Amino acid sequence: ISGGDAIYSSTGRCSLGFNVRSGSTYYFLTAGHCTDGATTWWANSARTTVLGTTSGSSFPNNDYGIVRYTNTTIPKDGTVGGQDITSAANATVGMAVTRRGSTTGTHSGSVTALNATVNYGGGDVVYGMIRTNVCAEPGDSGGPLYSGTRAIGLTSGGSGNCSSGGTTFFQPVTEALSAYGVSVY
């Protein structure tokens, strides 16, 4: 399993963001709105291949969370599909970026603003977000935003779709890495 692949909680489907670790303890990052209220995560819709257990969630304000792997045999590739990931970096305005998710696959675009605020309603306001003209659809949440070998963001939300076009906001991944003291590999 790698960044962008489907992940299933007790209630629905999101996307794996990045595989990360502290030492030989492996985890993955995803969206906080996906980890909120979740316990176990599975790799398949039939919920027979366990991945692991929710181990942190920050949503709203931020939108990141972390899952501790309990499945010792599944491959945990330090990649986003075929893209090798080696480090994390921060977005800049105008930067070419790529998202991968489990609903719509791989889509590219550009960063249009930094430090964006998104009000999802119901008190769920998030701050500090990377705004882009990349599209996304439900189920893509949590998936990676990257540029080359650099991990940049986690899919939070937005408007539109991949057929007609859209606007998507991403949580900076560096914040999540620092909050938990974990690293991409």
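Numbering starts at 1 and follows the sequence shown.
Enquirer: Averaging CA B factors per stretch from the PDB record, which one is higher: 162-170 or 13-21?
Expert: Comparing 162-170 with 13-21, the higher mean C-alpha B-factor belongs to 162-170.
Enquirer: Report the stretch with the higher mean CA temperature factor, choosing between 37-45 and 56-64 on the basis of the entry.
Expert: Averaging CA B-factors over each stretch, the winner is 37-45.
Enquirer: Going by the CA temperature factor in the PDB record, which third of the chain does residue 135 belong to: lowest, middle or highest?
Expert: Highest third.
Enquirer: Select lowest, middle or highest to describe the third in which the CA B-factor of residue 116 falls within its chain in this entry.
Expert: Ranked within chain, residue 116 CA B lands in the middle tercile.
Enquirer: Quick check for you: using the entry's CA B-factors within this chain, is residue 157 in the lowest, middle or highest third?
Expert: Middle third.
Enquirer: Among the modelled residues of this chain, does the Cα B factor of residue 123 put it in the lowest, middle or highest third?
Expert: Top third by C-alpha B-factor.
Enquirer: Looking at the entry's B-factor column for C-alpha atoms only, identify whether residue 147 ranks in the lowest, middle or highest third of its chain.
Expert: It belongs to the highest third of the chain when residues are ordered by C-alpha B-factor.
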